[PDB]
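Heavy atoms only: backbone and side chains are in, while hydrogens, waters and symmetry mates are out. In each ligand, atom 1 is the first atom listed, and ligand 1 is the first ligand listed. In what follows, chains carry the letters A, B, and so on, assigned in the order in which the sequence lines appear, proteins first and then strands, with residues in each chain numbered from 1.
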Amino acid sequence: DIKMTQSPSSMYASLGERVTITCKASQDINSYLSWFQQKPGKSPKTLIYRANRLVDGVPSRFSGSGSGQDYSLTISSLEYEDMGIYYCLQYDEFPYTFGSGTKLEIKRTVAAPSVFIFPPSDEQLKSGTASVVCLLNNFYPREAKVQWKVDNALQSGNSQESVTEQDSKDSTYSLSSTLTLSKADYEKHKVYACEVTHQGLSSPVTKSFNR
Amino acid sequence: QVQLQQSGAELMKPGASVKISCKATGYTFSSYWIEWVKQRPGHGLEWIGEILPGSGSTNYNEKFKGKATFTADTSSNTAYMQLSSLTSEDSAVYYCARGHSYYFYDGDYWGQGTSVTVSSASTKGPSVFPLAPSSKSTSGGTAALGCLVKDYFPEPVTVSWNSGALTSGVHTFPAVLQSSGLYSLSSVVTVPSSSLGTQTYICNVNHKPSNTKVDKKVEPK
Ligand SMILES: O=C(O)CCCNC(=O)c1ccc([C@H]2CC[C@H](c3ccccc3)C[C@@H]2O)cc1
């Protein structure tokens, strides 16, 4: 019933910045709004209730404000430990409803990925299956595009990507894309290639191999 | 003093029902509502409903009505949530949390969460395939190599390189659930080219649910 529109859906910020996250309710909720913080692998934690009351024990750099339909959470000077996901929740009317979340990550300078491609091993081929892997190593920001081409044929739906969390030392990410094919088909073709698009590349890069 | 202890991870077949528990302590169970929340990756947090132990009993989100049923046992201070007719859409972490009370409220206490995986898959050790580097030269170039840990169930798998002595430049990616219904992950590491001939790189893989233990040497070739 009550729609909570939370913004932005994600943001990159630097230590020391003031971060403001916005929640707008489709109707007036009389300040019955809470803010939660959730870090990787941990349960969520309540930061603010009734729009502006600080839960005991939460650092005062967090504050909430607003009334009516417009609310916000502010972190006055961002600290590394604040990275994670934030949600608002209205509890004025049933069903209580959460905003869709704001992913807060650490900002750094753009870094193109180094790209590597790996042919399936002979070990796996006996097994009858073929996995071709493409690795995008140490890049930033997160958005990236990976397109698989087998001879000239664009592959769709037979690949899956996985991404690491920002590295704790260098704030970059890494990503793997695995293209799966039957042993039959793999043999049936010649040129395997992954084309990678990313902001740090002034032009798409392709790494490929001939079966 | 106030704590909510939730029951262990559960692996259920599609179509079954599962009852998860939330044992509350350090406060008067009957006057605080117990809230239930679902988190599927990629679907943020969802409110399921809440129940007031002893009193005014329940409020459900019309969407989970029929899928979820709450109950709470006052003598044991335990609240329960039953999910029925499970599907993959129900695979998620489920949290209980203590909400408000007639007289007092000042935020929430959250349970540690209960993971529920719904799959018809059978326990299975993975096959570990090498991701061989291609470089072998120029006084210290930079090559990537790794291991593909394929087709195991259920999570998780653990991966280390050279029994843990190589941790620098190592990225073990999140597992991905394949259409086959089995999981797959890769672990990769970048080393100096120069070593590809000298040094050995073995990835150590452990899948406890199937008591699989593999040490995989990955060499250029
Ligand atoms: O009868 C009435 O309308 C309420 C009268 C006074 N009520 C309150 O002050 C009051 C009412 C409701 C709440 C809510 C706050 C969020 C809390 C919660 C926390 C985490 C996850 C889900 C839900 C549940 C709690 O239940 C907090 C305070």
Side-chain angles (χ1 to χ4, degrees), chain A residues 1-4 6 21 23 25 27-39 42-58 62 64 66-67 71 73 84-102, chain B residues 2-6 20-22 24 26-40 43-65 68 70 72 79-81 83 92-114:
Chain A
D1 259 295
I2 290 185
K3 175 57 173 299
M4 301 302 292
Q6 211 187 306
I21 295 163
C23 185
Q27 69 195 232
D28 299 299
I29 54 167
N30 197 192
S31 292
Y32 288 110
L33 182 146
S34 283
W35 286 101
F36 306 91
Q37 173 189 62
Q38 183 168 42
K39 292 169 179 169
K42 305 200 262 169
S43 357
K45 186 144 175 168
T46 315
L47 302 175
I48 277 160
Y49 61 105
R50 195 86 176 100
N52 62 26
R53 298 197 210 178
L54 226 213
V55 161
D56 179 71
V58 173
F62 289 83
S67 52
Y71 300 82
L73 168 66
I85 304 168
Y86 291 87
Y87 297 90
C88 55
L89 170 76
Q90 67 86 20
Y91 49 91
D92 186 52
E93 172 199 283
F94 286 130
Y96 305 163
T97 53
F98 286 94
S100 50
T102 293
Chain B
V2 191
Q3 64 177 286
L4 279 73
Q5 15 175 304
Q6 288 185 241
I20 189 256
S21 70
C22 181
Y27 78 85
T28 314
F29 199 45
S30 283
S31 49
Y32 293 82
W33 290 85
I34 293 301
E35 311 294 309
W36 296 90
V37 171
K38 167 188 336 308
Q39 176 211 84
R40 254 139 51 70
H43 225 203
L45 298 185
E46 274 198 283
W47 188 74
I48 300 167
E50 54 171 359
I51 176 182
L52 187 64
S55 156
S57 196
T58 68
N59 289 114
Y60 295 89
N61 165 348
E62 179 53 21
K63 169 186 165 161
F64 288 84
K65 208 57 187 79
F70 312 136
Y80 296 97
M81 180 178 59
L83 302 173
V93 177
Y94 290 91
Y95 303 90
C96 58
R98 193 187 78 166
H100 96 278
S101 170
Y102 184 45
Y103 100 120
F104 185 81
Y105 168 60
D106 72 344
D108 324 276
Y109 281 79
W110 279 84
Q112 90 269 11
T114 290

Rounded to the nearest 0.5 Å, how far apart are CG of B/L83 and CZ of B/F64? 8.5 Å
Would you compute the distance between atom OG of A/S31 and atom OH of A/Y49 and round it to the nearest 0.5 angstrom? 13.0 Å
Below 4.0 Å from any atom of ligand 1, is there a heavy atom belonging to A/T46? no
A/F36 near ligand 1 by a heavy-atom separation under 4.0 Å: yes
For [atom], what's the nearest protein heavy-atom neighbour? Residue, atom name and distance, please.
atom	answer
atom 20 (C) of ligand 1	B/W110 CZ2, 3.5 Å
atom 24 (C) of ligand 1	B/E35 CD, 3.6 Å
atom 13 (C) of ligand 1	A/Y91 CD1, 3.5 Å

Does the protein put a heavy atom less than 4.0 Å from [atom]?
atom	result
atom 2 (C) of ligand 1	no
atom 18 (C) of ligand 1	yes
atom 6 (C) of ligand 1	no
atom 9 (O) of ligand 1	no

Give a yes-or-no answer on whether the side chains of B/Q112 and A/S43 include a donor-acceptor pair shorter than 3.5 Å. no
Between B/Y105 and ligand 1, find which residue part has any heavy-atom pair under 4.0 Å and reply side chain, backbone, both or neither. side chain
Give the numbers and elements of all ligand 1 atoms closer than 4.0 Å to a heavy atom of B/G99. 24 (C), 25 (C)
On the 0 to 90° scale, with breaks at 30° and 60°, tag the B/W110-A/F36 ring pair as parallel, tilted or perpendicular. perpendicular
Examine distances only and state if a side-chain atom of B/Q39 and a backbone atom of B/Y94 form a donor-acceptor pair shorter than 3.5 Å. no
Would you call B/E46-B/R40 a salt bridge at under 4.0 Å N-O? no
Applying side chain to side chain donor-acceptor pair (under 3.5 Å) to B/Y95 and A/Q38, what does each step give before you reach the verdict? CA-CA 12 Å; B/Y95 303 90; A/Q38 183 168 42; 3.3 Å; yes
Worked verdict on B/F70 versus B/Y80 for ring pair (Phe, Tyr, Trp, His ring centres under 6.0 Å): CA-CA 6 Å; B/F70 312 136; B/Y80 296 97; over 10 Å; no
Answer yes or no: does an N/O atom from B/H100 fall short of 3.5 Å to an N/O atom of ligand 1? yes
